[PDB]
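Trainee: Attaching a single structure in structure tokens format; questions to follow.
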Amino acid sequence: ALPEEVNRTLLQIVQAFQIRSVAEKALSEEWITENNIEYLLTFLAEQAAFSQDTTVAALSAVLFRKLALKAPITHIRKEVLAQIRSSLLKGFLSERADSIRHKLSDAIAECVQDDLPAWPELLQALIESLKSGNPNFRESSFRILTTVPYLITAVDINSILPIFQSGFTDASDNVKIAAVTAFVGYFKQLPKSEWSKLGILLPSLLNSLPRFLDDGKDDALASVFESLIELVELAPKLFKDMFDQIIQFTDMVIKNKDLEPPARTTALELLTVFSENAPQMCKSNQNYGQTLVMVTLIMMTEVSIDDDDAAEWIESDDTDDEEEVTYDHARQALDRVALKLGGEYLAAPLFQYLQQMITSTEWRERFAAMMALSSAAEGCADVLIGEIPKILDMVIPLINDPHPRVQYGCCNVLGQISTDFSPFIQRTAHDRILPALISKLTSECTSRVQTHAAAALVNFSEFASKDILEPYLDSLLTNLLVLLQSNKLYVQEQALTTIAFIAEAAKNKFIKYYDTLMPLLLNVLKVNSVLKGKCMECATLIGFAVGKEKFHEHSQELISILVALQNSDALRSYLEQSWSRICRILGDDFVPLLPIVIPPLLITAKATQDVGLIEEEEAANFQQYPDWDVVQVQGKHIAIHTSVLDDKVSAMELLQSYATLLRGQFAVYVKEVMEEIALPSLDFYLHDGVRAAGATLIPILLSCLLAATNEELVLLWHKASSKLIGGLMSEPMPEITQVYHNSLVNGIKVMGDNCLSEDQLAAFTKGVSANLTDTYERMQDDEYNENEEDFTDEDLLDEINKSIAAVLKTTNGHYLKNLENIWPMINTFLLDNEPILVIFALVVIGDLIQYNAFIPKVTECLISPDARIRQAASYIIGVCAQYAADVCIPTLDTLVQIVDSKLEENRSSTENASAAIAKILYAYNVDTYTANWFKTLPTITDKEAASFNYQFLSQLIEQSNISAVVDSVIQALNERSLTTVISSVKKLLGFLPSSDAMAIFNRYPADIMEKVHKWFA
Amino acid sequence: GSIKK
């Protein structure tokens, strides 16, 4: 179909793939033009179809696929696309190698698009290929259906259903995998309105599963499981009436431990994932939780195979054995499910098993019981927090088990639950936990057990008071000093860390032990980077615990050693946090150490986005590394160095903390950090952590400059605010949008009055609109899915209200004009059924009056079942009578009723309504209305509301209510809601003889009476 | 040097 000329030229080029680079240039610069692209695509499609050289055909098919997107295939003439399609199809039906038909299939897929004229030759080609006796023909057909799922819509329903049913049952496992892949792929690509069309085939798929176990093909079973895992995340309700069959089948696979791990782990994952996508379905079925618990407990047993003495486990690291895969999966599975379903559902089936396993003569079951409880403790905390002497009655007796890994196992529970059940367990079970853990620190126990007990002491210490730790400290430290003398490095390192965080909790109670520990620490440093890092961490944490004055006995020597260590990646982080910790200790005396500490932080915080314009094949190949991630922006892939950008964030966080502590002392760096680090970080579109860290950096930097000193502060703020504003109408992540608004408020708070210009205020209104528009759109968005986590929208709308309030305040009103442009959207929120948008709109209006067609909804919102809506509404009515009558006085008995309430959840609402009474009662000044308002006192939660109730109370002054008058003030002060009504009260007590005056305070205890006298005359 | 899942 091409001139013989063009063929030899292009054949040479494709074959050449000095000689090669000349071909790559020739292709990309000469043969991808408006004048040559059609000839090239025609050529490559012919080579892929007809060439009998393996490499030429393969590359051409690959090249054709890539360049088909870029052209795009749409702008290709009719006569040539027809020839290209027909040649691709002819090559498909010919005899090609498996890999080439795969690449032909991928090439064919690029020629199917709603843009293009219909291609019914392909549909009929696929239908017959699916019946072919060659598995590769059947497999490749499903592959095309996977890449182009809309072809499934094109085939008649009575043809496509038998096709998949034949696919699920096919004698070839490659075909079955491809059939399942295509089936699931249909659901992840098409709208839900198309789902009830292949959905009826799920029973056929599930019924095909037992075949994999009969043929002994568990490897193919794992692949199908993974496809099923994806379907559960898309349409869990589809599994509802065959739920028990899924459960029993996964149970059967997992119990069969003659199978390999992949079939067993994927089966577990399938079971697990139901709890994350259909929690109500799991809870309405007792068989799920029982099976899940039973199956994970079996897998946790699989440890130390062919090693009953655990003589290999005793002799190794305190790191995890990477070979105990099924054990690891079982732990995470139980944890994940418990977190989703809660304690009240699966605490009982869990403990029904734990009671049994605790008494076994097989130590692996005794060990597993401890690990299971450790994994399930957090998710089941709502129940297990109450059964907290019960658990220790099982766990603590196992601490002295003959087998060391059961001992280790027992330490792990006490550690895990010290975190999950904090801070209540520290206050309640310190008498049982600490002696248990201490008894295992002794050197007669094996190294692994000492270390894990010491590790558990870190968990306990984190939320333990210094008063509780105090009588245990000496015994704790004498034991840990022994661990410090171990010949095993990981025992030494754990000893240092345990001591450090025991000291952190002990605080000033640790000054007792400074003189004996610090020289031992210095000795270690003077002579294993992990050791020295943990040692310096221990030294500085002790320093912050005992205080600056005590720390100064070794601080300079400690600092000199730090310098040697720094200029000599775990170590780098230990050194950074040590420097930062010393700054918290020394205060302003850290300033001379800034030239040492800051410059390396500056370098790391200036890292750019290490981007790699990447290509299809050599991706995923980069995904192996945890320090690399790849995403798609608009079609073309990219590869980004995530770790480098994570390090950037960590450095920015340290710079921010130094700036926060030092304040004015840090002003010298403000201009550099703002222009080279903070603001450029906002343009980091492939890492939202950097964007967030850059935003929070801004107000604190300006805060540093203001305290020290200005056109620079104004120029930097104008630059910072403008880029913050500009981010609002562009930022895709709603989470980041919240940070910018929050950053603006904090910035406005710092800069003060008149800090914004007319342009800025207008561009801010644009951003507010786009933020409100996209939030409304997302919130206005089941047969397949069960009915939150979306406080992201609420938190976003939260901060927006504070920015508007802040902007209104700094403009001193003149933002009223700009704010009218977005009232149409504001109005919709107020009159939308949905609570979050209602609350937002109400709060905005309240801030408006602060400086006709909304009163209808507000009065309706006054009696709302939601307290949040009543609070916002009451404030609006109250604020109306404040500095803006035909509505206030009529609603005045509505708010009487709303007041009558004093419950923690609704205490805030009834206190605003209360205050709303007091200023209707102030501007209009009824004496029975005031008597009603008086029994709403005192106001203890809302600060601004209480601030006024007592202001009014002092106006009504400057009978038998005198002790109700006083106590109303006492409770306000003591609850820290109000802060001189005191002056008024003292006068009321003055008009009484002293004996009657003093007896009012004859009901208050010493605590409050101490405050009362430092309050009154 | 702590205990975690």
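Heads up, residue numbers simply count up from 1 along the chain you see.
Method on record in the header is X-ray crystallography, 2.4 Å.
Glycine residues also receive a Cβ, built from the backbone N, Cα and C atoms like all the rest.
Positions annotated as phosphothreonine by Swiss-Prot, on the basis of a large-scale study or a structure entry: A:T792. The repeat 'HEAT 3' feature in Swiss-Prot is assigned to A:78-111. Annotation source Swiss-Prot lists repeat 'HEAT 4' at A:120-147. The repeat 'HEAT 5' annotation in Swiss-Prot covers A:157-189. If you look up Swiss-Prot, you'll see A:198-234 marked as repeat 'HEAT 6'. Swiss-Prot lists A:286-341 with the feature repeat 'HEAT 8', giving experimental evidence as the kind of evidence. The repeat 'HEAT 10' annotation in Swiss-Prot covers A:381-421. The repeat 'HEAT 11' annotation in Swiss-Prot covers A:423-463. Annotation comment: Swiss-Prot describes A:466-506 as repeat 'HEAT 12', evidence class experimental evidence. The repeat 'HEAT 15' feature in Swiss-Prot is assigned to A:588-662. What Swiss-Prot lists as repeat 'HEAT 16' is A:665-708, and the listing cites experimental evidence. The repeat 'HEAT 22' annotation in Swiss-Prot covers A:927-958. What Swiss-Prot lists as repeat 'HEAT 24' is A:994-1017.
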Trainee: Between A:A884 and A:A885 the model skips 4 residues; how long is the Cα-Cα span in Å?
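Mentor: With 4 residues missing, A:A884 and A:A885 have Cα atoms 9 Å apart.
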Trainee: Relative to the repeat 'HEAT 11' (A:423-463), which of A:78-111, A:286-341, A:927-958, A:994-1017 accounts for the most Cβ pairs at distances under 8 Å?
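Mentor: Between the stretches A:78-111, A:286-341, A:927-958, A:994-1017, A:286-341 has the largest tally.
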Trainee: So which of A:78-111, A:286-341, A:466-506, A:927-958, A:994-1017 is most in touch with the repeat 'HEAT 10' (A:381-421), counting Cβ pairs under 8 Å?
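Mentor: It is A:286-341, which has the most Cβ pairs under 8 Å.
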Trainee: So how many of the residues in the repeat 'HEAT 16' (A:665-708) end up helix, strand or coil by DSSP?
Mentor: 39 helix, 0 strand, 5 coil
Trainee: Within the same chain, where does the repeat 'HEAT 24' (A:994-1017) have neighbours whose Cβ lies under 8 angstroms from its own Cβ atoms, ignoring anything closer than 6 residues to its ends? I mean 6 or more beyond.
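Mentor: The answer is 962-963, 966, 970, 973-974, 982, 985-986.
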Trainee: Can you grab the distance between C-alpha atoms at A:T709 and A:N710 for me, in Å and as a whole number, given the 3 missing residues?
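Mentor: Between the Cα atoms flanking the 3-residue gap there are 7 Å.
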Trainee: Which of A:78-111, A:120-147, A:286-341, A:927-958 shares the most C-beta pairs under 8 angstroms with the repeat 'HEAT 12' (A:466-506)?
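Mentor: Most contacts with the repeat 'HEAT 12' (A:466-506): A:286-341.
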Trainee: In this deposited model, 5 residues are left out between A:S568 and A:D569; how far apart are their Cα atoms, in Å?
Mentor: 13
Trainee: Taking only same-chain residues 6+ apart in sequence, whose CB is under 8 Å from that of A:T792 (phosphothreonine), what do you get?
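Mentor: Result: A:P734, A:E735, A:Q738.
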Trainee: Using a Cβ-Cβ cut-off of under 8 Å, list the residues of the same chain that are 6+ residues beyond the ends of the repeat 'HEAT 4' (A:120-147) and lie near it.
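Mentor: For the repeat 'HEAT 4' (A:120-147), the sequence-distant neighbours (Cβ-Cβ under 8 Å, at least 6 residues beyond its ends) are 85-86, 89, 92-93, 98, 101-102, 104-106, 108-109, 112, 154-155, 159, 163, 166-167, 170, 172, 174-175, 178-179, 181-182, 185-186.
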Trainee: Note the 5 unmodelled residues between A:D781 and A:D782, then tell me the distance between their CA atoms, whole Å.
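Mentor: Here the Cα-Cα span across the missing residues works out to 12 Å.
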Trainee: When DSSP states are folded down to helix, strand and coil, where does A:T792 (phosphothreonine) land?
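Mentor: The three-state answer is helix.
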